[PDB]
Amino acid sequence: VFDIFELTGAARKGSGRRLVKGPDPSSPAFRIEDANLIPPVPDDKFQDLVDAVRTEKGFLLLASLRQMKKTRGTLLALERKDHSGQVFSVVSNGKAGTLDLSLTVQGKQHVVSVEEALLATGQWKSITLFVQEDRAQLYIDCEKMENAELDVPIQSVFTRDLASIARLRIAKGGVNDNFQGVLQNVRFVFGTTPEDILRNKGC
């Protein structure tokens, strides 16, 4: 389990946020004000995560969010240290009503949309994103699964060197995709299945 907000240390480090209330009463919720001021995930931490994806050939990402209507907000993104772009990002697109998965491999950027994933209602929603090999499975709360196939296997982006040329940034998008709203419990979980999470929360 990699809890992004916990790792970046945003609860007691940097700005860009206001600790508020979230569905989970036992952990912080962050209303995003300026995504560039939230510290990134330290590199020793990001590479730990990269190794875990490296191993599972994928990951299970969890997140609760309360996004503003009709907006495109970025849950998280791997931005290159040599300031130019992202190598991977997850965007809740309230204009298309999709969850976009973007992977840039060797100067080639690929984007696929998971359809019928409207999360940009101005109310709390929990997602369970399961990515393995080139397959993406999304469960919003307890409603039925939505699918999408990547153009390239997820681990191909998650290379062994990843941490030294890029850093993991939460809520921060690409010039017009910073998350507008509140986020809670953004986490990468390994060795578990989406079915276990679905039951582990009463579906």
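Take the two forms, superpose them, and find the largest set of C-alpha atoms that agree within 1.5 Å; that set is the rigid core. A residue's number is simply how far along the shown sequence it sits, counting from 1.
Larger average C-alpha displacement in 5 other deposited structures of this protein, relative to the shown form after a rigid core fit, is seen for 8-16 when comparing 8-16 with 183-191. Per-stretch RMS Cα distance to the displayed form in 5 other deposited structures of this protein, following rigid core alignment, is highest for 82-90 when 113-121 and 82-90 are compared. 176-184 and 9-17 differ in mean CA B-factor, and the higher of the two is recorded for 9-17. Look at the C-alpha B-factors of 156-164 and of 22-30. On average they run higher in 156-164. Which of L65, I140, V41, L60 has the largest Cα B-factor in the deposited entry comes down to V41. If you compare the C-alpha temperature factors of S92, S126, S84, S102 in the entry, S84 comes out highest.
Looking at the C-alpha B-factors along this chain, the one for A136 belongs to the lowest third. Per the deposited record, the Cα B-factor of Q109 falls in the highest third when ranked against the other modelled residues of its chain.
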